[PDB]
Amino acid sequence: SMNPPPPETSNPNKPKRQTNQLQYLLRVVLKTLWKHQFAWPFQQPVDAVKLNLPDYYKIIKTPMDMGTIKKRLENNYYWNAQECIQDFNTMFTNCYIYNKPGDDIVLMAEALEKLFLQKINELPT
């Protein structure tokens, strides 16, 4: 099987805007995660062909990655911050679903998730 197309990062039918919370998600949250030592597996869509994972997209039907989130934020694709937060959570949950508790990649995802929640909490009122 080929890889599926990546998640859309623009959509001419979907209203878009820029908000302070969305700017924070790009300039602080995504920036912080992107530079983390464990970011690399999450910086692009899972290439199931290259990784020899013929069953990845049989199991994961809602793929998401930080490369896609980054482009979405840069493109002002979202209407609200909870949409973007959901994309991060989808990415983490996918990792937990495909893999098993305690796996190397699961620990990496858990570390990133902890940091993500810290940065979200730090959003100034």
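Definition used throughout: the rigid core is the maximal C-alpha set that superposes within 1.5 Å between two forms. Numbers follow the displayed sequence, beginning with 1.
After superposition on the rigid core, the larger root-mean-square Cα deviation in 8 other deposited structures of this protein belongs to 96-104, not to the other of 22-30 and 96-104. When the C-alpha B-factors of 50-58 and 85-93 are averaged, 50-58 comes out higher.
In this entry, 75-83 shows the higher mean Cα temperature factor of the pair 38-46 and 75-83. The deposited CA B-factor of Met64 belongs to the middle third of values across its chain. Looking at the C-alpha B-factors along this chain, the one for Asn13 belongs to the highest third. For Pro5, the recorded CA temperature factor ranks within the middle third of the chain's modelled residues.
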